[PDB]
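Note that the numbering runs from 1 along the sequence shown for the chain.
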Amino acid sequence: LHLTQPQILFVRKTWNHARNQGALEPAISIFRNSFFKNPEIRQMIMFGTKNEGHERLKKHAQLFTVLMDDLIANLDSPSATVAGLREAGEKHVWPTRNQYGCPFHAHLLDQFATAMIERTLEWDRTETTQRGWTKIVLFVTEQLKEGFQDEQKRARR
Ligand code: HEM
Ligand SMILES: [Pr+3]
Ligand SMILES: [Pr+3]
Ligand SMILES: [Pr+3]
């Protein structure tokens, strides 16, 4: 991660503003936008009964909120959140690939990145400071991808 200080200030101001939307926001809105980018993501996260699906989305938002909160508070050295992100990615390796209807692949996280970047634009902006969000989202989804791909490559087929 290489954010400039003006980028760090802008990201923190907009993030804390976004968190004002609710306990699990903006995480929930980010997941919902990924559902729009790719409805298969929704089919997977909402797999099962109405309750099960909603609980899974809630838990996803809860954990992502914690990881993001920690990352943003620690933009100076985020090794802890790096491990956490790789671990989260790792959790998407399932012996039966279509256990949840559609298999997980790294491309889903690229779509998630697009969804998240779109949301950041909704949260005194300049192109240079806004690029702080692009850096953060790329970092986050890259660590998720590495966690998943390293784990999936190692698993039996
Ligand atoms: C990119 C699209 C994503 C899809 C389609 C997806 C879907 C799923 C599915 C189907 C499971 C297995 C069912 C379950 O354990 O609840 C799971 C597990 C998990 N996911 Fe995701 N997820 C996505 C992104 C993320 C992200 C960004 C995070 C970051 C926090 C995350 C964190 C986790 C964790 C921690 C588990 C293990 C849950 C547990 O053991 O209770 N996922 N995910
Ligand atoms: Pr592990
Ligand atoms: Pr298999
Ligand atoms: Pr592992």
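Hydrophobic clustering of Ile, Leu, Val, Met, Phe, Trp and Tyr side chains at less than 4.5 Å, counting indirect connections, keeps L138 apart from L3. Both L63 and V93 sit in one connected hydrophobic cluster of ILVMFWY residues. Membership requires side-chain heavy atoms under 4.5 Å apart, directly or through other members. Each of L24 and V66 belongs to its own hydrophobic cluster when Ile, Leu, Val, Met, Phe, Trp and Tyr are linked at side-chain heavy-atom distances under 4.5 angstrom.
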**Request:** Give the intermediate values and the outcome of side-chain contact (heavy atoms from CB on, under 4.5 Å) for residues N16 and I72.
**Result:** CA-CA 10 Å; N16 289 117; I72 296 176; 5.7 Å; no

**Request:** Determine, step by step, whether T141 and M116 satisfy the side-chain contact (heavy atoms from CB on, under 4.5 Å) criterion, reporting the C-alpha distance in whole Å, the side-chain angles of both residues, the deciding distance to 0.1 Å, and the verdict.
**Result:** CA-CA 10 Å; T141 55; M116 183 165 179; 6.0 Å; no

**Message:** For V82 and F139: C-alpha separation, side-chain torsions, deciding distance, then whether side-chain contact (heavy atoms from CB on, under 4.5 Å) applies.
**Reply:** CA-CA 9 Å; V82 170; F139 170 77; 3.4 Å; yes

**Message:** Assess the residue pair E55 and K58 against the criterion (salt bridge (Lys or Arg N to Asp or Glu O under 4.0 Å)); give the C-alpha distance rounded to whole Å, side-chain angles, the decisive distance to 0.1 Å, and a yes or no.
**Reply:** CA-CA 5 Å; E55 285 278 18; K58 175 180 185 177; 5.1 Å; no

**Request:** Might you work through the side-chain contact (heavy atoms from CB on, under 4.5 Å) test for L144 and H92, ending with a clear yes or no?
**Result:** CA-CA 10 Å; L144 291 158; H92 300 84; 5.7 Å; no

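Put simply, the side chain of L75 reaches to within 4.5 Å of the side chain of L71, judged on heavy atoms. For the pair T14 and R125, the minimum side-chain heavy-atom distance is 4.5 Å or more. A 4.5 Å side-chain heavy-atom check between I28 and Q21 finds every atom pair outside the cut-off. Between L9 and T129, the closest side-chain pair of non-hydrogen atoms is not below 4.5 Å.
Across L1 and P78, no two heavy atoms sit closer than the pair CD1-CG, 4.3 Å. Heavy atoms only, all atoms of each residue included: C102 and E40 are closest at CB-OE1, 3.2 Å. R97 and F148 get closest at one heavy-atom pair: NH2-CZ, 4.1 Å. Shortest non-hydrogen contact noted between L67 and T81 is O-OG1, 3.2 Å. Residue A27 comes nearest to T65 through the heavy atom pair CB-OG1, 3.4 Å, listed as atom of the first residue, atom of the second, then distance. Pairing each heavy atom of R12 with each of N74, the nearest pair is NH2-N, 4.2 Å.
Screening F35, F64, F36 against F112 for a ring pair (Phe, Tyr, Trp, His ring centres under 6.0 Å) leaves a single residue, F64. With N33 as reference, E118 is the one residue of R119, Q111, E122, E118 to meet the side chain to side chain donor-acceptor pair (under 3.5 Å) rule.
The backbone N or O of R56 sits less than 3.5 Å from a side-chain atom of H60, completing a donor-acceptor pair. Proximity of a side-chain donor or acceptor of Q7 to a complementary backbone N or O of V11 within less than 3.5 Å is not detected.
Note that the CG atom of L57 and the CD atom of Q62 stand 10.0 Å from one another [nearest 0.5 Å]. In this structure, the separation between CG on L108 and CD1 on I45 is 9.5 Å, given to the nearest 0.5 Å. Note: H105 NE2 to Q149 CD = 10.5 Å, rounded to the nearest 0.5 Å. For the atom pair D110 CG and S34 OG, the distance stands at 12.0 Å (nearest 0.5 Å). Between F104 atom CZ and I41 atom CD1 the span is 8.0 Å, to the nearest 0.5 Å. With values rounded to the nearest 0.5 angstrom, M46 atom CE is found 10.5 Å from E52 atom CD.
Annotation for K59: atom NZ counts as buried by contact number, over 12 foreign heavy atoms lying within 6.0 Å.
The aromatic rings of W133 and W15 are tilted relative to each other, their planes meeting at an angle between 30° and 60°.
Under 3.5 Å, the side chains of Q130 and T120 contain a donor-acceptor pair of N or O atoms.
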